[PDB]
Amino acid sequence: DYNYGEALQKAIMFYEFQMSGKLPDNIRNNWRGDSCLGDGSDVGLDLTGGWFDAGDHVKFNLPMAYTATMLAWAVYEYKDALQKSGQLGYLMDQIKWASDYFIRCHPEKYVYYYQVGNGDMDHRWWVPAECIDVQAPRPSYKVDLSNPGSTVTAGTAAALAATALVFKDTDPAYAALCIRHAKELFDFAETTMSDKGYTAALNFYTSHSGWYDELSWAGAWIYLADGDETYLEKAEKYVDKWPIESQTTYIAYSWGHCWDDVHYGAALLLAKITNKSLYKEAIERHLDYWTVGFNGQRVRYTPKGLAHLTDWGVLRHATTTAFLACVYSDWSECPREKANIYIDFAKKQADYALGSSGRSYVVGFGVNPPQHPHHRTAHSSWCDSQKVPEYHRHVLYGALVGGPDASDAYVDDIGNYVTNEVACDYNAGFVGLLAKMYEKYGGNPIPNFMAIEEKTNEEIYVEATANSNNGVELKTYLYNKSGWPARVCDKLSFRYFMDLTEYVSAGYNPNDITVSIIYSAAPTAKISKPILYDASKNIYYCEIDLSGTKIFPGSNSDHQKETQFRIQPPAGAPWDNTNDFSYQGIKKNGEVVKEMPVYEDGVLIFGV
């Protein structure tokens, strides 16, 4: 059988790679650093934190809130299994990472920021998370009473209520904070009944289904968190506003639970809360359609057994429905025959994602996993190209990709933003599915698993050429191809070492040597007079300081800065470049000159 504990371990770790903001020191990788620390600065608020949505760096709160709710749902249903796997703490930390962010986005009762970053502006740049905020502004978008967003506020209410539910025993004060914000956001959504102000997510996370399903979703979670029947009643109030399967009176059943349709999960929760036939029949009708069929109709299946609802995020849909199948099949009121059908269906969808069709569709897991997920920071280009490097510098452990077509066909290409898309909501229900599969079938996680990668290219270094000319003239490029993690540097300098024995032995003062910047792409570039390095051997160096100029792996030729400079003695003084340490290195290998060491804020970071 497949190792569900390892899969669960990695599916949860995936969210660490999506973290935005000032990162905790207990992350388990060496290739994510601080990012987007100025989020919210355009409106005078701290709106850092949360997750980047997909392979981009926009923070879309509707799918982010959906994700957090689903992860908390996994905790709620499968806490003990998650504890045993060793991953419950990390999952809870990720849930709180998102929820802390939602709370900051809600500075007053009827004002909610639902997006940080602009989709069109953000997606123009194929650069790592640690550099994206240098390339374009990241505006903060909000809804309020004059420009409302019932769908996203209700969605966030559900996330904070679900967070309160799972934290109320271990952190009563935080749960009380979450539940208050939840009820306020619910009232906000219910008061406005409109998405008129929810515009910044157009073409990315538009709500075609509206907010009535979200109101039942949020109401049910609020009730579960603190037992307020006022919100269960409101949740049931809006059931008759849910989508209806056309040509029938049935609650819609032929799609699936996802970020833009939560009435499937809402029906399941309301079923367990009230045991009412309406909800039990609705969810059974849905799960039947996905398994054995309903009234002569059944979801499409690939020849190799994948339930194939659509071509967009097909594995996201199959694994999420499987999760719901797990929850309902574990319920005592679920008819036994179909409890077995449902859980058998859930395992097969889990096993398809993990490799039953011949390859894994989970990055970094199993047999022949995808290697080119459509993900900027895991690829980690230093020059704003999907094609450079031609392989990902990092392994996005645990990422469930979009998946194959209805014939099980699939191509692993970074440019296929459909088959190789990855996203927060793709892994959300997946985590809960793997929790149940671990609870039932086991599979040992990797002990103390850490995503500490080997650095496969030199991050920061000088490339240089030189020519002798009554002294020396240097043409240098100071590179920042950092990757572990990518980072912006603005305090970089390097040293050029010389042996001035022939010069000082002839009676000349090193301070009369001319040092000059000829040209530099760094406007702050400066060069020091010779500095004594070894009084016994008359070794000196000149410091070329580019502090003040950003050098980072991004676009606009920012991953390198050219500096041309000259070091020339007074006319007539002896000069021998051939005994100069840095000159010798340049002529040995100008590509990477260890003999011109690089310093960041005065600390050596490369070279001898």
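Just count from 1 along the sequence shown to find any residue number.
Asks: Out of 571-579 and 545-553, which one has CA B-factors that are higher on average in the deposited record?
Replies: Higher mean C-alpha B-factor in the PDB entry: 571-579.
Asks: For the stretches 24-32 and 56-64, which has the higher mean C-alpha B-factor as given in the deposited record?
Replies: Mean CA B-factor is higher for 24-32.
Asks: Looking at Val462, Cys105, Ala157, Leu224, which one carries the largest C-alpha B-factor according to the PDB entry?
Replies: Reading the PDB entry, the winner on C-alpha B-factor is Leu224.
Asks: Highest Cα B-factor in the deposition, which of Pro128, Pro243, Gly89, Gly149?
Replies: Answer for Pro128, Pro243, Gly89, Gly149: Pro243, with the highest C-alpha B-factor.
Asks: Consider only the C-alpha atoms of the modelled residues in this chain, order them by B-factor as the entry records it, and name the third containing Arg316: lowest, middle or highest.
Replies: Ranked within chain, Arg316 CA B lands in the lowest tercile.
Asks: Based on the deposited C-alpha B factors for this chain, I'd like to know if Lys10 is in the lowest, middle or highest third.
Replies: As the PDB entry reports it, the C-alpha B-factor of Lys10 lands in the lowest third of its chain.
Asks: According to the PDB entry, is the CA B factor of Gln18 in the bottom, middle or top third of its chain, that is, lowest, middle or highest?
Replies: Within its chain, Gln18 is a lowest-third residue by C-alpha B-factor, going by the deposited values.
Asks: Among the modelled residues of its chain, does the C-alpha B-factor of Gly40 lie in the lowest, middle or highest third?
Replies: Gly40: CA B-factor falls in the middle third of its chain.
Asks: Where does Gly256 sit by CA temperature factor within its chain: lowest, middle or highest third?
Replies: Its C-alpha B-factor, which the entry lists for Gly256, ranks in the lowest third among residues of this chain.
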